[PDB]
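**Q** The structure that follows is given in the form of structure tokens.
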Amino acid sequence: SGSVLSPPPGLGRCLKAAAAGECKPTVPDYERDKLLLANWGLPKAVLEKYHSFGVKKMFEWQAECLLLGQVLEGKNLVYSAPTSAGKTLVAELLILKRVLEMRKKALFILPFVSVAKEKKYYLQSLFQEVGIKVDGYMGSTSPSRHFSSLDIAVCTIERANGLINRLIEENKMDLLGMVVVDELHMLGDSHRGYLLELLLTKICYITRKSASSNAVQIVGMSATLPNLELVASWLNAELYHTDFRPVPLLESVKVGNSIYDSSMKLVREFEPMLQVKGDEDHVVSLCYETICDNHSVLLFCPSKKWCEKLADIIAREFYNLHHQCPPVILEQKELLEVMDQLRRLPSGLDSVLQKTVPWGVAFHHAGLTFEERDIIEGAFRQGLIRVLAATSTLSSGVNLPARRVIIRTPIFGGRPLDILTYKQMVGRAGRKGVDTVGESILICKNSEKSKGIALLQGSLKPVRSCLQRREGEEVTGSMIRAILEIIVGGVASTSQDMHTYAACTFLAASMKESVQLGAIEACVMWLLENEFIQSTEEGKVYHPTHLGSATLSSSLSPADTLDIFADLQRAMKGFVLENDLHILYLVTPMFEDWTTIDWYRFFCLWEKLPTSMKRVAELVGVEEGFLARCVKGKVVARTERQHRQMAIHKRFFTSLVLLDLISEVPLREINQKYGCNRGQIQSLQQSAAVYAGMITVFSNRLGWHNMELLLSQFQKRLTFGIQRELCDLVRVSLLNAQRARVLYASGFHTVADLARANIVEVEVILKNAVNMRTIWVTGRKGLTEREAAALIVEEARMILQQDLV
């Protein structure tokens, strides 16, 4: 309570001295024992959890990052360091400081749901011994515990931005003590990366209006940015940057037999150990060298098709070596369990995976289901899979290290590889505390030799403001939403409050000319003309409408909201209730293409389509004539924006897919019927699950109760992909769509019935879906059919009791 963490005395002195000197002391003149983690007054429960696996001492840069400046006093901090250097620890120690000393709540923000889920359990494991409640706000997932009874909320960008807005309407902004942002370089330009700016600017604006002692501390972290100092000034934060890295990493490119360093100085020549009797660029040979040293290798490939092709080739030579240098020495018993977990899945065991996985080889792309990739990542992380051929999708995903990383080509998707993508790939080489080094090899040809060097000698592009206006397009989505949030939320009323806000943006930090100040005024006008905001005339004062407050509470983009609002009023004038199709059309997202739709397949399902669903189609805009003009001819046309008709048919097509999906139609059947892979479907439902929740809230705030009533059941049905009967069962964590079904078909319709269940009977029911651990969960200890059965019944009782998580 008094002091949860305090640094060793005079450690700040020495480090401040060394930093102020022209050159660093050959021997650091401070007790090397002072960077021992136990001397910082850390509570015992956390000190052991850190010492649980490594984490005994701090780095030179970690001590300087805390001690140099007023970081520990409450000052905002923005620091950058290479990956796997212990960037997590700096933030963890700061969160633990403020939460226990100032008794306020912290916010941890991560880019993706998968890394957010990983972080939730990772933060739960460290802080549960000190009574620190850690839950998560991810995608469609909602915390069981109220926000008032939490300490650390782990969120994605969208959910965090929404959570901030909730706290403004309830005036409980005082609860929030600090916000931690991982990967701050995604601030510049992204599909959702811009929301991170709106979030931070909103915090900087509120704390500035109270400036007219500590407030809300912001701890941001990222990769080496050229304009990182520009970001620190924007957030009024102290800056820190280091290149320190516990495992030195070598980036190298390979031409012919020769392998080269960044400087182009040849570092090693290369002679393949084995001969793949295939014109190869020694690709199999490079992987083989790594495996023999009892390690694992990540192989990144441009297309989804190369990964499967390459995993098959690698597996084939592994086959040849076994029946004829040394062999791959894999673990067969543990590999069979992996295949069995794959076998017992809603997707089944992929044919290419069936060949390669037995020989410690696998691939990873967006074509696979989220359940297959969770298995492969876990298998690779354990060492069961030694070779993993992935795409650029994995490079930005979860934490998954390997000894050697190989990039097949600097040309991804017919275009040169982005610099940020390259740095994310080569960044996964080197496990802190296990491997001595992380090696990165970029395989190239003679024509593309100059382009390969460009990547090793490359740096991140400067961070854009993402609210820029390029001449004619004076208005922009990101700005409109940002302006809407501050007016509707009630933190900006007058015209004077508006110009105060313009100062807090990252955009005005970029000038330190004020031509963008007039753009703010344009968004306000846009909001007035479209009934989002009201104006009452020492300047005119504004206020939110019902449509304004509804749009904000729904987390919808104002540009999209206009069309959503019209579509809903039209549906409530004439609505089809005999099926679920018309409801689904309203919650079908069409802001991005989720697949390349085959129109001929579409037209065949159209004739065969029942009358009840054709009525919904006609009622929407689906013309049979346009479907015919799609099959005969591939004319996108799109000459006239009045060709949204294209979007309508794409939307109705998508709505058909979601209909079979919540009707518990197998993913393989849906694939044959429509012509899209299981990866695109799963990506679609999680997109539609989120959108369905938005439309429900939007309908609730407008008073459209009847429409809301129908919609308020589909966020859950889209998430798990179930029918109404299974809605009660899926409340259990361990129960997905398939397990919920076999339990329903056996007599367990509700949670109440599931608490009364006999354990040995559940195991038997499980046996029908086929000490062997054969059942996968999320964050799974590879449950046995016995362990899983006992956990489900115990949990069903816990949910019925509503005791704790």
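The chains in the structure tokens are called A, B, ... from first to last as shown; in each chain the residues are counted from 1, and the ligands are counted from 1 in the order shown.
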Contacts of residue 367 (chain A) at 10 Å or less, counting only C-alpha atoms, minus same-chain residues fewer than 4 places along, as a PDB file with N, CA and C atoms, in the first residue's frame?
**A**
ATOM      1  N   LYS A 304      -0.839 -18.812 -50.333  1.00  0.00           N
ATOM      2  CA  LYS A 304      -1.389 -19.871 -49.495  1.00  0.00           C
ATOM      3  C   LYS A 304      -1.041 -21.231 -50.087  1.00  0.00           C
ATOM      4  N   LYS A 305      -0.895 -21.274 -51.409  1.00  0.00           N
ATOM      5  CA  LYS A 305      -0.649 -22.526 -52.120  1.00  0.00           C
ATOM      6  C   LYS A 305       0.805 -22.998 -52.012  1.00  0.00           C
ATOM      7  N   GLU A 372      -7.739 -25.302 -36.115  1.00  0.00           N
ATOM      8  CA  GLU A 372      -6.574 -25.979 -36.674  1.00  0.00           C
ATOM      9  C   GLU A 372      -5.300 -25.203 -36.398  1.00  0.00           C
ATOM     10  N   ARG A 373      -5.365 -23.885 -36.532  1.00  0.00           N
ATOM     11  CA  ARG A 373      -4.176 -23.081 -36.315  1.00  0.00           C
ATOM     12  C   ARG A 373      -3.773 -23.035 -34.852  1.00  0.00           C
ATOM     13  N   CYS A 676     -16.502 -21.302 -50.888  1.00  0.00           N
ATOM     14  CA  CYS A 676     -15.593 -20.511 -50.065  1.00  0.00           C
ATOM     15  C   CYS A 676     -14.974 -21.454 -49.041  1.00  0.00           C
ATOM     16  N   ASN A 677     -13.736 -21.186 -48.635  1.00  0.00           N
ATOM     17  CA  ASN A 677     -13.063 -22.066 -47.684  1.00  0.00           C
ATOM     18  C   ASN A 677     -13.497 -21.809 -46.254  1.00  0.00           C
ATOM     19  N   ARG A 678     -13.143 -22.731 -45.364  1.00  0.00           N
ATOM     20  CA  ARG A 678     -13.563 -22.644 -43.971  1.00  0.00           C
ATOM     21  C   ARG A 678     -12.906 -21.488 -43.227  1.00  0.00           C
ATOM     22  N   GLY A 679     -11.787 -21.004 -43.742  1.00  0.00           N
ATOM     23  CA  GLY A 679     -11.117 -19.876 -43.131  1.00  0.00           C
ATOM     24  C   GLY A 679     -11.885 -18.587 -43.320  1.00  0.00           C
ATOM     25  N   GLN A 680     -12.373 -18.379 -44.537  1.00  0.00           N
ATOM     26  CA  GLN A 680     -13.159 -17.196 -44.860  1.00  0.00           C
ATOM     27  C   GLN A 680     -14.496 -17.191 -44.131  1.00  0.00           C
ATOM     28  N   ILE A 681     -15.048 -18.374 -43.879  1.00  0.00           N
ATOM     29  CA  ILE A 681     -16.325 -18.462 -43.187  1.00  0.00           C
ATOM     30  C   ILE A 681     -16.160 -18.059 -41.726  1.00  0.00           C
ATOM     31  N   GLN A 682     -15.162 -18.633 -41.066  1.00  0.00           N
ATOM     32  CA  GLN A 682     -14.930 -18.350 -39.661  1.00  0.00           C
ATOM     33  C   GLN A 682     -14.580 -16.877 -39.469  1.00  0.00           C
ATOM     34  N   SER A 683     -13.872 -16.317 -40.441  1.00  0.00           N
ATOM     35  CA  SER A 683     -13.503 -14.911 -40.401  1.00  0.00           C
ATOM     36  C   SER A 683     -14.750 -14.050 -40.592  1.00  0.00           C
TER      37      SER A 683
END
**Q** Between A:724, A:403, A:546, A:649, which is the closest to residue 533 (chain A) once you count only C-alpha atoms?
**A**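 Of A:724, A:403, A:546, A:649, the one nearest residue 533 (chain A), counting only C-alpha atoms, is A:546.
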**Q** Of the candidates A:672, A:758, A:210, A:465, which shows the shortest atom-to-atom distance to residue 187 (chain A), using only C-alpha atoms?
**A**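 The closest residue to residue 187 (chain A) is A:465.
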**Q** With only C-alpha atoms as the atoms that count, which of A:795, A:787, A:435, A:129 lies nearest to residue 46 (chain A)?
**A**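 Of the candidates, the smallest distance to residue 46 (chain A) is held by A:129.
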**Q** Need to verify the contact set: region 698-702 of chain A, 6 Å, only C-alpha atoms, exclusion of same-chain residues closer than 4 positions in sequence. Can you return it as a ChimeraX atom specification?
**A** /A:550,554,708
**Q** Could you tell me which of A:460, A:107, A:91, A:45 comes closest to residue 224 (chain A) if we count only C-alpha atoms?
**A**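 Nearest to residue 224 (chain A): A:460.
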**Q** Which neighbours of residue 434 (chain A) fall inside 12 Å, counting only C-alpha atoms, when residues of the same chain fewer than 3 positions from it are skipped, and could you give them as a short mmCIF file (atom, residue, chain, number, x, y, z; two decimals) with C-alpha atoms, in the first residue's frame?
**A**
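Produced file out.cif, reproduced below:
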data_model
loop_
_atom_site.label_atom_id
_atom_site.label_comp_id
_atom_site.auth_asym_id
_atom_site.auth_seq_id
_atom_site.Cartn_x
_atom_site.Cartn_y
_atom_site.Cartn_z
CA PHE A 53 10.63 -19.29 -15.49
CA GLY A 54 13.71 -17.13 -16.03
CA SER A 84 11.77 -10.52 -26.95
CA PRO A 246 19.74 -10.61 -25.28
CA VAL A 247 20.13 -12.84 -28.33
CA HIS A 295 15.87 -26.80 -33.22
CA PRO A 401 9.48 -18.13 -31.71
CA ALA A 402 11.87 -20.37 -33.62
CA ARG A 403 15.63 -20.79 -34.05
CA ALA A 429 14.04 -15.50 -34.51
CA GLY A 430 15.52 -16.09 -31.05
CA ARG A 431 14.02 -17.38 -27.81
CA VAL A 437 21.12 -16.50 -31.41
CA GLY A 438 18.25 -15.97 -33.81
#
**Q** If you count only C-alpha atoms, which residues fall within 12 Å of residue 44 (chain A), apart from same-chain ones fewer than 3 positions away, as a VMD selection string?
**A** chain A and resid 4 to 5 37 to 41 47 to 51 126 to 127 129 to 130
**Q** Taking only C-alpha atoms into account, name the residue in A:727, A:307, A:648, A:63 that is nearest to residue 618 (chain A).
**A**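 Going through A:727, A:307, A:648, A:63 one by one, the smallest distance to residue 618 (chain A) is for A:648.
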**Q** Taking into account only C-alpha atoms, which residue in the set A:83, A:753, A:168, A:230 is nearest to residue 511 (chain A)?
**A**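 The answer is A:230, which sits nearest to residue 511 (chain A).
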**Q** List every residue of region 401-643 of chain A that DSSP, applied to the backbone of this structure, places in alpha helix (DSSP H), and write the result as a PyMOL selection string.
**A** chain A and resi 419-425+449-456+477-488+495-504+517-529+546-553+558-571+581-586+599-607+611-620+624-631
**Q** Could you write out that same residue set with C-alpha atoms as a short mmCIF file (atom, residue, chain, number, x, y, z; two decimals), in the first residue's frame?
**A**
data_model
loop_
_atom_site.label_atom_id
_atom_site.label_comp_id
_atom_site.auth_asym_id
_atom_site.auth_seq_id
_atom_site.Cartn_x
_atom_site.Cartn_y
_atom_site.Cartn_z
CA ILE A 419 9.29 -3.36 -44.68
CA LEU A 420 7.03 -3.68 -41.61
CA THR A 421 6.10 -7.22 -42.65
CA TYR A 422 9.75 -8.15 -43.07
CA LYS A 423 10.68 -6.88 -39.60
CA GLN A 424 7.79 -8.83 -38.08
CA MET A 425 9.02 -12.06 -39.66
CA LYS A 449 19.33 -9.19 -55.32
CA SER A 450 19.28 -5.41 -54.89
CA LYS A 451 15.74 -5.50 -53.51
CA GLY A 452 16.68 -8.06 -50.85
CA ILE A 453 19.46 -5.87 -49.46
CA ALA A 454 16.98 -2.99 -49.32
CA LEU A 455 15.00 -4.90 -46.70
CA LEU A 456 17.95 -5.69 -44.40
CA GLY A 477 -14.39 8.66 -41.73
CA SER A 478 -11.77 8.68 -39.00
CA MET A 479 -12.33 12.39 -38.33
CA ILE A 480 -16.13 12.27 -38.36
CA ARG A 481 -16.15 9.46 -35.82
CA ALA A 482 -13.62 11.28 -33.66
CA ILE A 483 -15.66 14.50 -33.66
CA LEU A 484 -18.86 12.56 -33.02
CA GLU A 485 -17.37 10.89 -29.96
CA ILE A 486 -16.44 14.12 -28.21
CA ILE A 487 -19.70 16.00 -28.90
CA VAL A 488 -22.19 13.22 -28.19
CA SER A 495 -16.75 26.29 -30.36
CA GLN A 496 -13.95 27.10 -27.93
CA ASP A 497 -13.83 23.46 -26.77
CA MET A 498 -13.35 22.44 -30.41
CA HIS A 499 -10.12 24.34 -31.00
CA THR A 500 -8.84 23.09 -27.64
CA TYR A 501 -9.29 19.56 -29.01
CA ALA A 502 -7.39 20.33 -32.22
CA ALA A 503 -4.30 20.96 -30.12
CA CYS A 504 -4.34 17.47 -28.60
CA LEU A 517 -8.21 23.24 -38.22
CA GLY A 518 -10.88 24.16 -40.75
CA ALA A 519 -11.42 20.48 -41.50
CA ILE A 520 -12.71 20.01 -37.95
CA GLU A 521 -15.38 22.63 -38.66
CA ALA A 522 -16.41 20.69 -41.79
CA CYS A 523 -17.10 17.49 -39.82
CA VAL A 524 -19.29 19.44 -37.43
CA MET A 525 -21.30 20.65 -40.40
CA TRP A 526 -21.51 17.10 -41.74
CA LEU A 527 -22.96 15.99 -38.41
CA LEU A 528 -25.55 18.80 -38.46
CA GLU A 529 -26.81 18.18 -41.98
CA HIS A 546 -31.15 10.39 -30.59
CA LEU A 547 -29.49 9.34 -33.82
CA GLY A 548 -26.26 10.80 -32.55
CA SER A 549 -26.35 9.09 -29.18
CA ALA A 550 -27.42 5.87 -30.86
CA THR A 551 -24.54 5.92 -33.30
CA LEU A 552 -22.03 6.46 -30.50
CA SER A 553 -23.40 3.73 -28.27
CA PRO A 558 -21.26 7.59 -38.96
CA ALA A 559 -20.74 7.17 -42.71
CA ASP A 560 -22.15 3.64 -42.55
CA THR A 561 -24.82 4.57 -39.98
CA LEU A 562 -26.92 6.58 -42.44
CA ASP A 563 -27.46 3.57 -44.69
CA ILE A 564 -27.99 1.27 -41.69
CA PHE A 565 -30.67 3.60 -40.37
CA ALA A 566 -32.56 3.66 -43.66
CA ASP A 567 -32.38 -0.11 -44.18
CA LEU A 568 -33.87 -0.71 -40.74
CA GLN A 569 -36.81 1.67 -41.12
CA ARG A 570 -37.67 -0.05 -44.40
CA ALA A 571 -37.56 -3.49 -42.83
CA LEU A 581 -33.07 -14.74 -43.33
CA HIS A 582 -34.53 -11.22 -43.22
CA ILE A 583 -33.10 -10.67 -39.74
CA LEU A 584 -29.70 -11.90 -40.92
CA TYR A 585 -29.62 -9.49 -43.85
CA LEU A 586 -29.77 -6.60 -41.39
CA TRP A 599 -21.78 -16.18 -59.40
CA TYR A 600 -22.58 -19.34 -61.36
CA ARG A 601 -22.74 -21.35 -58.16
CA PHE A 602 -24.89 -18.54 -56.79
CA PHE A 603 -27.39 -18.73 -59.65
CA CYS A 604 -27.77 -22.49 -59.24
CA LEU A 605 -28.78 -22.08 -55.60
CA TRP A 606 -31.16 -19.31 -56.62
CA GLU A 607 -33.50 -21.54 -58.68
CA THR A 611 -40.24 -19.47 -51.76
CA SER A 612 -39.91 -18.10 -48.21
CA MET A 613 -36.37 -16.94 -48.91
CA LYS A 614 -37.11 -15.56 -52.36
CA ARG A 615 -39.66 -13.25 -50.77
CA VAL A 616 -36.90 -11.87 -48.58
CA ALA A 617 -34.64 -11.52 -51.59
CA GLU A 618 -37.14 -9.57 -53.69
CA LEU A 619 -37.99 -7.41 -50.66
CA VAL A 620 -34.33 -6.40 -50.46
CA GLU A 624 -33.04 -12.45 -60.84
CA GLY A 625 -31.97 -10.47 -63.89
CA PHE A 626 -28.84 -9.13 -62.23
CA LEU A 627 -27.87 -12.63 -61.11
CA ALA A 628 -28.08 -13.70 -64.75
CA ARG A 629 -25.98 -10.71 -65.86
CA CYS A 630 -23.35 -11.86 -63.38
CA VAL A 631 -23.18 -15.39 -64.67
#
